[PDB]
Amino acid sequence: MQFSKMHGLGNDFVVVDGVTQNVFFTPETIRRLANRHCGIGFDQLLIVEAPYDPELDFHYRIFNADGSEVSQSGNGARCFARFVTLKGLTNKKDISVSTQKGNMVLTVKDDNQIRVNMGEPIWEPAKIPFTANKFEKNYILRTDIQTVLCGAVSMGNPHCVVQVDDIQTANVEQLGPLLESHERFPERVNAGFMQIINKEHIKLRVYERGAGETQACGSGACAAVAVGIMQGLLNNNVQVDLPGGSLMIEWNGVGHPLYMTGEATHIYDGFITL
């Protein structure tokens, strides 16, 4: 079996062509391959598959080191786009792809970066889902230790964005869990902590739904910028600094889709018989 190793902002993936190859991995095999000392070594596994839909170009699944399939809006999108391009699985500039959760359109920029069309941000509370009487630019959320103000929005997945003075000392450890599993968020939520440096630059930390804080949560960068723009604290093109690295977010407001742009790097190609 052939595979490629790639990385994008804090995460390193093993990407496999599951289109021209029939691939299957027991959760066990995945755990073995993810092991950095006895296996290939990687944070997540990405399989490119047929879409079984004449309107899409591809589909792809992501598995964590535990061998479980996961659905994180936008995750692995850039590595996927560069992989199908490099491997000649497609030659289009705009690629339609579906993930376990939703759909996306990827654009391979001339500068070699990947621009992801994340669609229009969803504000209606009920559609997030988030329990609230009506829409608000800033919602009052009570937690056992503090009442916080936050913007709430959906990029397919639920988001809670709290602004903080200093990203390094923000109480992510305690507020993250309290927000992530707050009652007013029926299906749980991704809790973002945003420090605004200026109208076109922010630093972000995310306590991902069910996974906690990691090196980078793209959909989180999207939500944070969307909220900031909605509140009038940010311009329409913003650089987001996640722990793993930076992303560029562009959103022209309601009626427009939000774009997320970043890099994806090919490292090497491998062959392994399972």
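The first residue of the sequence shown is number 1, and the count goes up from there.
In this entry, the higher average B-factor at the C-alpha atoms falls on 208-216, of the pair 233-241 and 208-216. Per-stretch averaging of Cα B factors for 155-163 and 94-102 places 94-102 on top. The entry assigns its greatest Cα B factor, within the set 181, 190, 138, 198, to 181. Among all modelled residues in this chain, the alpha-carbon of residue 83 has a temperature factor (C-alpha) in the lowest third. In the PDB entry, residue 273 places in the highest third of its chain by CA B-factor. In the deposited entry, the Cα temperature factor of residue 131 places it in the highest third of its chain's modelled residues. Ranked within its chain, residue 257 lands in the middle third, by CA B factor from the PDB record. For residue 108, the recorded CA temperature factor ranks within the highest third of the chain's modelled residues.
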